[PDB]
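S.K.: Below is the file start.cif, with mmCIF, C-alpha atoms.
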```cif
data_query
#
loop_
_atom_site.group_PDB
_atom_site.id
_atom_site.type_symbol
_atom_site.label_atom_id
_atom_site.label_comp_id
_atom_site.auth_asym_id
_atom_site.auth_seq_id
_atom_site.Cartn_x
_atom_site.Cartn_y
_atom_site.Cartn_z
ATOM 1 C CA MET A 1 198.109 206.273 182.280
ATOM 2 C CA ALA A 2 200.109 208.803 184.298
ATOM 3 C CA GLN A 3 200.564 206.545 187.324
ATOM 4 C CA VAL A 4 203.669 204.935 188.819
ATOM 5 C CA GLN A 5 203.928 201.246 189.704
ATOM 6 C CA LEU A 6 205.787 199.682 192.630
ATOM 7 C CA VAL A 7 207.257 196.176 192.502
ATOM 8 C CA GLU A 8 207.939 194.457 195.826
ATOM 9 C CA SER A 9 209.845 191.165 195.768
ATOM 10 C CA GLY A 10 212.240 189.160 197.917
ATOM 11 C CA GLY A 11 209.933 188.368 200.811
ATOM 12 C CA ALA A 12 209.425 184.613 201.026
ATOM 13 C CA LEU A 13 209.876 181.512 203.183
ATOM 14 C CA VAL A 14 213.575 181.574 204.065
ATOM 15 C CA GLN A 15 215.705 179.655 206.564
ATOM 16 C CA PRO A 16 217.176 181.089 209.793
ATOM 17 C CA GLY A 17 220.651 182.596 209.959
ATOM 18 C CA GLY A 18 222.661 183.714 206.954
ATOM 19 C CA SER A 19 221.653 186.816 205.013
ATOM 20 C CA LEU A 20 218.857 188.146 202.803
ATOM 21 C CA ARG A 21 218.722 190.885 200.168
ATOM 22 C CA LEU A 22 215.307 192.245 199.187
ATOM 23 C CA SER A 23 214.740 194.324 196.052
ATOM 24 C CA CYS A 24 212.085 196.768 194.849
ATOM 25 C CA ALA A 25 211.647 197.529 191.150
ATOM 26 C CA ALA A 26 210.405 201.001 190.215
ATOM 27 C CA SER A 27 207.978 201.981 187.456
ATOM 28 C CA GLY A 28 207.199 205.474 186.204
ATOM 29 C CA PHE A 29 208.816 206.806 189.371
ATOM 30 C CA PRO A 30 212.557 207.561 189.665
ATOM 31 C CA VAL A 31 214.408 205.813 192.492
ATOM 32 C CA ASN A 32 217.287 208.297 192.461
ATOM 33 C CA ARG A 33 214.817 211.143 192.981
ATOM 34 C CA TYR A 34 213.190 210.145 196.270
ATOM 35 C CA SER A 35 213.736 207.809 199.223
ATOM 36 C CA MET A 36 212.172 204.379 199.735
ATOM 37 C CA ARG A 37 209.835 204.011 202.713
ATOM 38 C CA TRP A 38 210.379 200.637 204.383
ATOM 39 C CA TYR A 39 208.056 199.188 207.023
ATOM 40 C CA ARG A 40 207.203 195.850 208.634
ATOM 41 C CA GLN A 41 204.086 194.659 210.459
ATOM 42 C CA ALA A 42 203.795 191.340 212.294
ATOM 43 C CA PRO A 43 200.621 189.204 212.237
ATOM 44 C CA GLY A 44 198.328 190.328 215.040
ATOM 45 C CA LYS A 45 200.880 192.833 216.317
ATOM 46 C CA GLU A 46 201.346 196.514 215.477
ATOM 47 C CA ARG A 47 203.499 197.812 212.623
ATOM 48 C CA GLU A 48 207.061 199.052 213.116
ATOM 49 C CA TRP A 49 209.379 201.036 210.845
ATOM 50 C CA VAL A 50 212.354 199.121 209.446
ATOM 51 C CA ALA A 51 214.111 201.722 207.299
ATOM 52 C CA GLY A 52 213.623 205.338 206.269
ATOM 53 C CA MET A 53 215.712 207.590 204.038
ATOM 54 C CA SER A 54 215.389 211.193 202.861
ATOM 55 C CA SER A 55 214.289 212.151 199.349
ATOM 56 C CA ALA A 56 217.595 214.006 199.051
ATOM 57 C CA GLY A 57 219.337 210.640 199.131
ATOM 58 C CA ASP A 58 222.007 211.674 201.624
ATOM 59 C CA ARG A 59 221.856 209.343 204.626
ATOM 60 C CA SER A 60 219.421 206.719 205.916
ATOM 61 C CA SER A 61 217.619 206.603 209.264
ATOM 62 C CA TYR A 62 217.542 203.649 211.656
ATOM 63 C CA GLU A 63 217.252 203.328 215.435
ATOM 64 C CA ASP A 64 220.411 202.346 217.314
ATOM 65 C CA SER A 65 218.632 199.047 217.965
ATOM 66 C CA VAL A 66 217.828 198.228 214.339
ATOM 67 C CA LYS A 67 221.030 199.836 213.065
ATOM 68 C CA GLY A 68 223.575 197.411 211.641
ATOM 69 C CA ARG A 69 220.742 195.031 210.790
ATOM 70 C CA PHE A 70 218.717 196.683 208.025
ATOM 71 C CA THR A 71 219.785 199.394 205.581
ATOM 72 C CA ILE A 72 217.986 201.143 202.724
ATOM 73 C CA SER A 73 219.599 201.901 199.364
ATOM 74 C CA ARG A 74 218.829 202.317 195.662
ATOM 75 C CA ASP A 75 220.569 202.556 192.288
ATOM 76 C CA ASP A 76 219.867 204.947 189.415
ATOM 77 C CA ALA A 77 221.643 202.858 186.779
ATOM 78 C CA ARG A 78 219.433 199.874 187.604
ATOM 79 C CA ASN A 79 216.510 201.852 189.025
ATOM 80 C CA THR A 80 215.845 199.524 191.959
ATOM 81 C CA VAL A 81 215.833 199.698 195.758
ATOM 82 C CA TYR A 82 217.847 197.137 197.719
ATOM 83 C CA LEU A 83 217.316 196.141 201.351
ATOM 84 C CA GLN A 84 220.221 194.500 203.179
ATOM 85 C CA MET A 85 219.243 192.106 205.968
ATOM 86 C CA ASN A 86 221.965 191.085 208.422
ATOM 87 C CA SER A 87 221.762 189.166 211.699
ATOM 88 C CA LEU A 88 218.400 187.623 210.814
ATOM 89 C CA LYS A 89 216.010 186.800 213.657
ATOM 90 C CA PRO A 90 213.038 184.501 214.386
ATOM 91 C CA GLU A 91 210.732 187.460 215.015
ATOM 92 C CA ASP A 92 211.472 188.531 211.442
ATOM 93 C CA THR A 93 208.436 186.505 210.370
ATOM 94 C CA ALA A 94 206.191 189.252 209.004
ATOM 95 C CA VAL A 95 205.272 191.359 205.973
ATOM 96 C CA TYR A 96 207.294 194.154 204.371
ATOM 97 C CA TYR A 97 205.592 196.867 202.321
ATOM 98 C CA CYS A 98 206.825 200.048 200.642
ATOM 99 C CA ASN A 99 205.472 203.592 200.343
ATOM 100 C CA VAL A 100 206.203 206.666 198.226
ATOM 101 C CA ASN A 101 204.741 210.169 197.996
ATOM 102 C CA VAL A 102 205.569 211.924 194.723
ATOM 103 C CA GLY A 103 202.623 214.094 193.726
ATOM 104 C CA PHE A 104 200.167 211.281 194.412
ATOM 105 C CA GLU A 105 199.725 208.637 197.111
ATOM 106 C CA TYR A 106 201.570 205.561 195.847
ATOM 107 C CA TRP A 107 202.130 202.414 197.907
ATOM 108 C CA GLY A 108 202.917 198.825 196.970
ATOM 109 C CA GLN A 109 201.333 196.051 199.019
ATOM 110 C CA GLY A 110 203.659 194.021 201.219
ATOM 111 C CA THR A 111 205.718 190.847 200.909
ATOM 112 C CA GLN A 112 205.392 188.109 203.529
ATOM 113 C CA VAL A 113 208.543 186.453 204.868
ATOM 114 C CA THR A 114 209.105 183.368 207.019
ATOM 115 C CA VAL A 115 212.160 182.341 209.038
ATOM 116 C CA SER A 116 212.402 178.642 209.884
ATOM 117 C CA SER A 117 213.841 177.517 213.221
ATOM 118 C CA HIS A 118 217.249 176.003 213.970
ATOM 119 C CA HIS A 119 217.789 172.769 212.040
ATOM 120 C CA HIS A 120 220.395 170.566 210.355
ATOM 121 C CA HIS A 121 221.694 171.051 206.812
ATOM 122 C CA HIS A 122 220.694 168.815 203.901
ATOM 123 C CA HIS A 123 223.004 166.004 202.784
#
```
Could you spell out this file's structure in structure tokens?
M.R.:
Amino acid sequence: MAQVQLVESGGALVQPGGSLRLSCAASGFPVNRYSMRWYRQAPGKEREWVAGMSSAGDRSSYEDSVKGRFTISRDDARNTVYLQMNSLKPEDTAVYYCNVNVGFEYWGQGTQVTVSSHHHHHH
């Protein structure tokens, strides 16, 4: 089969504050050849871009509002796309899917993530 496969993981029920690092395994399709399309859509609400880079692999794109919160990157040696998540928020509760266009429409699915509210640690 001459078809690429996308692996989306990292999105799950996590606690508020701290930091999260999502990953995306590639299959049949080179990660150091094109950029990784990142997007997020809340339940009931419309979808909104989270990260977008160029196939060239020069620099990433992110609004001045989202900047310094979410960045897109990938490694050729490991062949995987990483997604840094800083300054987590409560509205983060949503799904994150990927998309790639290399000769044929190829898109993953979308990982759901949950951010609990303020609470006390566990002793």
S.K.: Kindly indicate which residue among A:102, A:25, A:77, A:51 lies nearest to residue 6 in chain A, using all atoms listed in the file for the distances.
M.R.: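 Residue with the minimum atom-to-atom distance to residue 6 in chain A: A:25.
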S.K.: Once 8 Å is added on each side, what are the centre and the three edge lengths, in Å to one decimal, of the axis-aligned box enclosing the listed atoms of range 107-120 of chain A? Present them as JSON.
M.R.:
```
{"center_x": 210.9, "center_y": 186.5, "center_z": 205.5, "size_x": 35.1, "size_y": 47.8, "size_z": 33.0}
```
S.K.: With only C-alpha atoms as the atoms that count, which of A:122, A:94, A:50, A:106 lies nearest to residue 63 in chain A?
M.R.: A:50
S.K.: Pull out every residue that the PyMOL selection byres ((chain A and resi 24) around 10) matches in the shown coordinates and put them as JSON, numbers by chain.
M.R.: {"A": [6, 7, 8, 9, 10, 22, 23, 25, 26, 27, 31, 36, 74, 79, 80, 81, 82, 83, 97, 98, 108]}
S.K.: What's the separation between CA of residue 84 in chain A and CA of residue 20 in chain A, in Å to one decimal place?
M.R.: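 Between these atoms lies a distance of 6.5 Å.
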S.K.: Specify as a list in words each residue included when the PyMOL selection byres ((chain A and resi 1) around 12) is applied to this file.
M.R.: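 Residues picked by the PyMOL selection byres ((chain A and resi 1) around 12): residues 2, 3, 4, 5, 27 and 28 of chain A.
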S.K.: May I ask which of the residues A:119, A:41, A:21, A:46 is the closest one to residue 92 in chain A, counting only C-alpha atoms?
M.R.: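 Using only C-alpha atoms, residue 92 in chain A sits closest to A:41.
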S.K.: In the coordinates of the file, take the point (206.5, 187.3, 201.1) and a cut-off of 10 Å; then, counting all atoms listed in the file, name each qualifying protein, DNA or RNA residue as a ChimeraX atom specification.
M.R.: /A:8-14,93-97,110-114
S.K.: Could you check the closest approach to residue 91 in chain A for each of A:45, A:67, A:115, A:75 and tell me which residue wins, using only C-alpha atoms?
M.R.: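 Among the listed residues, A:115 lies closest to residue 91 in chain A.
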S.K.: Choose the residue, out of A:40, A:68, A:47, A:55, that has the smallest atom-to-atom separation from residue 101 in chain A; count only C-alpha atoms.
M.R.: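 Looking at the shortest contact to residue 101 in chain A, the residue is A:55.
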S.K.: Interatomic distance between CA of residue 104 in chain A and CA of residue 42 in chain A?
M.R.: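 Those two atoms sit 27.0 Å apart.
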S.K.: One decimal, in Å: what's the spacing between CA of residue 53 in chain A and CA of residue 103 in chain A?
M.R.: 17.9 Å
S.K.: The PyMOL selection byres ((chain A and resi 16) around 8) - which residues does that actually catch in the file I just gave you? List them as a PyMOL selection string.
M.R.: chain A and resi 14-15+17-18+88-90+115-118
S.K.: Could you tell me which of A:29, A:107, A:39, A:34 comes closest to residue 58 in chain A if we count only C-alpha atoms?
M.R.: A:34
